[PDB]
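Undergrad: PDB entry and its sequence, pasted below:
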Amino acid sequence: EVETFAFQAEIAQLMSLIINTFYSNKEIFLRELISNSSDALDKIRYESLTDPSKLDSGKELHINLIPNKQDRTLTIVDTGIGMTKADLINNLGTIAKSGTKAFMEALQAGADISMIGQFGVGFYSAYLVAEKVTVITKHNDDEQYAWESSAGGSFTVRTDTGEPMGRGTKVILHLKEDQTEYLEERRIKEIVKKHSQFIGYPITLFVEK
Ligand SMILES: CCN1CCN(c2ccccc2CO)CC1
């Protein structure tokens, strides 16, 4: 049972702007997704400060980067607070309508695409490198759900019958054919060191056979 939703008009515009604008500094997508994961981990940590049982679904607070050349995917896993179904539908927990409005007003005022994270819609920079994005997520108060979109104005939401996560969010980027450099270890390492050197959680870059 798959439900299909239309993006709000402003978010569909933001996505086609990211997909069609010529912009060479595509590596900022990883900084934005790691920063989103750090925010989600800060949230479950703060909640656990007054209620330790919120960590019953997993005490470790971390971020994993998993490249897979066979599937042409780069996956960013965090054990943060996760997202409910309502959150997923509501633009993955962001204020994406007013965020897009401020971002686009800033673009015409001298900003560039790399500043997207300052307007709360950094997740969508995933479409700088990915043709399709799958988000698997588990919040303590809800079941495990899968969100998916290849842009084009719509996304789907379904109950995820896959591997149980415990708690957190998994962003799977199905990379464009000419963006496979972001599957190479030394390239990911260079980008993490350049843009995410001070993240307060351990970032583990997995290797392949
Ligand atoms: C402001 C609300 N936050 C909700 C959680 N976030 C998020 C969004 C998209 C994918 C993955 C994650 C977390 O890993 C960051 C934004």
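TA: Arrived safely, thanks for sending. Numbers count the residues shown, from 1 in each chain.
Undergrad: What's the local residue count around residue 68?
TA: 14 (other Cβ atoms under 10 Å). All C-beta atoms are positioned from the backbone trio N, CA, C, and that covers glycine.
Undergrad: same deal with the one 3 residues further on?
TA: Neighbours of residue 71 under the rule other Cβ under 10 Å: 12.
Undergrad: ditto for residue 182
TA: Residue 182 has 20 neighbouring residues, counting by other Cβ under 10 Å.
Undergrad: what sits against it?
TA: 27, 30, 67, 74, 129, 173, 175, 188, 191 (Cβ atoms under 8 Å, 6 or more residues apart in numbering).
Undergrad: near the ligand at all, the helix or strand hosting residue 97?
TA: When elements are assigned from DSSP states H and E, residue 97 belongs to helix 96-107. No. Under the criterion of Cβ under 6 Å from any ligand atom, the ligand is not reached by helix 96-107; the shortest gap measures 9.6 Å.
Undergrad: just the CA coordinates of that helix, formatted as PDB?
TA: The C-alpha coordinates for helix 96-107 follow below in PDB (Å, rounded to 0.1, in the frame of the first residue of the first chain):
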ATOM      1  CA  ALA A  96       9.900  24.200   3.600                       C
ATOM      2  CA  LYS A  97       7.300  26.600   2.200                       C
ATOM      3  CA  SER A  98       8.600  29.700   4.100                       C
ATOM      4  CA  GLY A  99      12.100  28.300   3.800                       C
ATOM      5  CA  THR A 100      11.900  28.200   0.000                       C
ATOM      6  CA  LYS A 101      10.500  31.700   0.000                       C
ATOM      7  CA  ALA A 102      13.400  33.200   2.000                       C
ATOM      8  CA  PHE A 103      15.900  31.200   0.000                       C
ATOM      9  CA  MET A 104      14.700  32.300  -3.300                       C
ATOM     10  CA  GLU A 105      14.400  35.900  -2.200                       C
ATOM     11  CA  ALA A 106      18.100  35.500  -1.100                       C
ATOM     12  CA  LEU A 107      19.100  34.000  -4.500                       C
END
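Undergrad: What is that helix packed up against?
TA: With contacts taken as 3 or more Cβ pairs under 8 Å, 6 or more residues apart in numbering; DSSP states H and E, helix 96-107 sits against helix 9-20.
Undergrad: Can you list the buried residues in the helix it packs on?
TA: 10-12, 14-15, 17-18 (16 or more other Cβ atoms under 10 Å).
Undergrad: Out of those residues, which are close to the ligand?
TA: Answer for the buried residues of helix 9-20 near the ligand: none qualify (Cβ under 6 Å from any ligand atom).
Undergrad: mind putting the residues you listed in a markdown table, distance to residue 133 included?
TA: What follows is those, written out as a markdown table (distance: Cβ to Cβ, whole Å):
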| residue | distance to residue 133 |
| --- | --- |
| 10 | 18 |
| 11 | 13 |
| 12 | 15 |
| 14 | 14 |
| 15 | 10 |
| 17 | 16 |
| 18 | 12 |
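Undergrad: before we move on, back to that, from the chain's centroid, how far away is the helix holding residue 97?
TA: Centroid displacement of helix 96-107 relative to its chain, using Cα atoms, centre = their mean, to the nearest Å, is 18 Å.
Undergrad: what do you get for stretch 161-173?
TA: Here stretch 161-173 shows a centroid-to-chain-centroid distance of 12 Å under the convention Cα atoms, centre = their mean.
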